[PDB]
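Following: one structure in structure tokens, then a few remarks.
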Ligand SMILES: Nc1nc2c(ncn2[C@@H]2O[C@H](COP(=O)(O)OP(=O)(O)CP(=O)(O)O)[C@@H](O)[C@H]2O)c(=O)[nH]1
């Protein structure tokens with residue numbers, strides 16, 4: 001046989017997981033008919049279990065006295081989207097979900113979209129919760145607009161309430177639809193109709209191509225029609241290669257470890273095996289057996305075979321996620337398409353109490369590994385490395401898991417704006433003469449000149465030209481950037497310059513490293529006149545939102561510390577691409593989605609300091625060291 005890589009998406013609470021566990025029982029019965037739960041083996045991760053929902057993409061694989069296959073169970077809601085995308089970035093076809101009230105959810109839309117551009121050969125809906133107020137007319141109306149998929153055929157309905165019965169039919173309509181696809185069919189349709197078998201092939205070819213697609217309906221709760229559905233889903237949906245017998249080609253699948261008893265690993269074969277050594281980036285694989293996934297639980301395997309498909313319950317270190325198993329066939333599988341899951345919003349993560357720091361450091365490593373997008377990045381202002389999560393939703397769960405394994409507890413907000421304090425206005429002071437230091441005359445002088453916006457100016461020479469004060473202007477740049485940021489208000493040198501000369505030496509006095517100390521001192525005095533330029537935070541924060549919400553979106557933007565620029569309506573939607581200060585990203589992002597329900601989207605940086613418009617109430621954070629320079633400064637102030 002073969003199988004077929006299929007995932008399961010859709011909004012929250014719409015049966016995604018249960019429907020999954022279902023396909024397991026339906027296509028099996030090797031000792032189970034429904035298996036209690038409530039909770040089971042599919043979602044074995046604590047919390048995921050004790051919690052209720054699956055915050056991590058599952059990974060199932062059922063089979064029958066005919067064939068088998070795997071699966072990937074994504075999580076609903078947001079925040080976790082970044083772990084849902086990773087699953088989708090493998091899987092060819094997506095079993096879209098849709099519960100009763102789930103009348104065209106927010107994710108029911110998107111899943112289907114990605115797949116349409118990726119190549120997903122077929123995407124399949126499954127209305128769940130046909131309990132009450134479960135029309136049939138409503139399902140199709142929603143479908144046709146959203147999924148915008150090609151007008152398929154029917155049917156799948158009959159009876160009402162307790163009298164509800166499974167049905168479908170609609171041959172003529174199907175013929176008509178298929179007609180669009182083939183000229184030959186139309187002619188026959190106009191005069192004849194042909195057969196069904198061949199028409200079934202036309203549809204099946206179109207589904208693997210990423211064009212045609214059919215949807216089956218069959219309730220869910222009472223899980224009746226469940227068992228036919230499972231048969232029918234597996235039917236048209238497998239692979240190729242296999243047939244022959246040779247070469248193993250695969251794509252190391254994710255599946256990170258845990259705390260309790262280390263972890264495992266899984267890869268998919270599409271015409272390969274499992275054993276021997278290995279290859280790829282000079283490195284030995286090391287194996288002690290082949291692989292062979294299994295329904296219930298997954299255990300080692302003696303042997304497998306070519307064109308074999310399953311999961312390997314192993315793999316650990318000396319490797320990593322997304323790993324290409326060299327080779328021959330893996331490079332081609334990389335011609336499907338990506339989705340730069342773009343993680344937009346983010347927050348500040350801070351270690352915590354001393355006791356909590358030991359665990360923190362280890363935590364930050366483990367949370368990063370169990371994530372393919374856990375960009376662990378460290379800031380300069382603090383020795384703490386902020387977390388990179390498409391949202392806190394991930395970060396809640398991330399402190400919950402940790403609270404067990406390693407054990408820790410930190411905070412989750414965003415951070416600081418460096419301050420910059422690169423105002424404009426203008427000022428100039430200098431140059432010393434000698435004192436608590438020891439002239440050491442070195443006159444000095446800095447002609448501060450605000451400027452316009454977007455030039456980072458800087459400078460400058462001065463001078464005399466004779467090595468001296470050369471590397472000295474070096475010391476310059478130094479102390480420069482130095483307070484440039486760290487300082488009174490802790491800014492980041494940006495928009496200013498300087499220049500001077502002198503003087504005295506050829507014996508002693510100490511006119512070397514001392515200059516570096518002096519430089520800062522001079523800048524400080526100019527502070528009183530500086531002000532403490534916030535800077536200018538905005539970018540363009542540019543909001544992509546629907547034509548209907550954008551008016552009210554624009555009234556809310558001025559209240560929300562944002563500016564607006566015009567917004568042209570592009571089709572059914574709009575873009576309302578504007579500027580503003582900088583964030584709060586969170587503030588910016590919340591409101592948009594809020595009065596939009598769930599049908600917002602946005603991103604974009606921009607850069608630029610020109611701003612400062614933020615008053616004060618703060619402006620601080622440093623500083624530095626270096627006896628000399630430091631001793632000198634303190635005296636100077638006196
Ligand atoms: N009435 C009804 N309720 C159902 C049906 N299927 C599932 N549910 C309800 O939903 C609960 C859990 O749903 P689940 O499958 O985990 O939802 P989900 O799609 O995984 C949502 P997420 O993955 O985002 O956590 C069940 O315990 C049950 O009460 C159904 O067909 N009809």
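Let's test the formula: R0 of 22 Å, r as the Cβ-Cβ distance of residue 285 and residue 321. What FRET efficiency results, to the nearest 0.05? Computed FRET efficiency for residue 285 and residue 321: 0.90. Each of the peptides 187-200, 515-528 was scored by the mean count of other Cβ atoms within 10 Å over its residues; in descending order, highest first, they stand as 515-528, 187-200.
A simple spin-label model places pseudo-atoms 7 Å from Cα toward Cβ; at residue 383 and residue 638 they are separated by 3.1 nm.
Put a dot 7 Å past the Cα of residue 396, heading toward its Cβ, do the same for residue 328, and the two dots end up 5.0 nm apart. A straight chain from residue 477 to residue 201 at 0.36 nm per residue would run longer than the Cα-Cα distance by 92.2 nm.
Suppose a student asked you for the relative contact order of the chain, using Cα pairs under 8 Å spaced at least 6 residues apart; what percent would you report?
Numbers: 1254 pairs, mean separation 63.2, N = 638.
Averaging sequence separation for qualifying contacts and normalising by length gives 10 percent for the chain.
Please state the shape class of the chain: rounded when a/c is under 1.5, otherwise prolate if a/b exceeds b/c and oblate if not, all from the C-alpha gyration tensor. The shape class here is prolate. When peptides 497-507, 69-79, 582-592 are sorted by average Cβ neighbour count within 10 Å, with the highest value leading, the order is 69-79, 582-592, 497-507. Mind jotting down the distance between the C-alpha centroids of segment 457-494 and segment 369-440, whole Å? Taking the Cα centre of segment 457-494 as reference, the centre of segment 369-440 is 24 Å away. Counted over the chain, the DSSP beta bridges are approximately 70% antiparallel. Quick check: the angle from helix 470-485's long axis to the longest principal axis of the chain, C-alpha only, nearest 10 degrees? That works out to roughly 60 degrees. With a ≥ b ≥ c taken as the square roots of the eigenvalues of the C-alpha gyration tensor of segment 490-638, please select rounded if a/c is under 1.5 and otherwise prolate if a/b is larger than b/c or oblate if it is not? In terms of gyration-tensor shape, prolate.
Site pair residue 506 and residue 18 shows an inter-label distance of 9.4 nm when each label is modelled 7 Å from Cα along Cα→Cβ. In the chain, the longest principal axis of the Cα atoms and the axis of helix 513-530 are about 80 degrees apart.
On the basis of the beta-carbon distance and an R0 of 56 Å, residue 365 and residue 168 show a calculated FRET efficiency of 0.60. A full extension of the chain between residue 51 and residue 131 corresponds to an added length of 26.3 nm, given 0.36 nm per residue minus the alpha carbon distance.
In plain terms, the chain from residue 622 to residue 258 could stretch by 127.2 nm, reckoned as 0.36 nm per residue minus the Cα-Cα distance. Each part gets one Cα centre, and for segment 87-146 versus segment 608-628 those centres are 51 Å apart. Roughly how many Å is it from the Cα centre of segment 254-324 to that of segment 52-86, as a whole number? Segment 254-324 and segment 52-86 have Cα centres separated by 18 Å. In the chain, the longest principal axis of the Cα atoms and the axis of helix 585-594 are about 40 degrees apart. For the peptides 285-297, 531-543, residues were scored by their other Cβ atoms within 10 Å and the scores averaged per peptide; the highest-first order is 531-543, 285-297. For segment 245-342, rounded, prolate or oblate, judged on the Cα gyration tensor with a ≥ b ≥ c (square roots of eigenvalues), a/c < 1.5 rounded, else prolate if a/b > b/c? Verdict is rounded for segment 245-342.
No lab work stands behind these numbers, since they all come straight from the coordinates. Methodologically, a virtual Cβ is constructed for each residue, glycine included, from the backbone with ideal geometry; neighbour enumeration extends over all protein chains shown.
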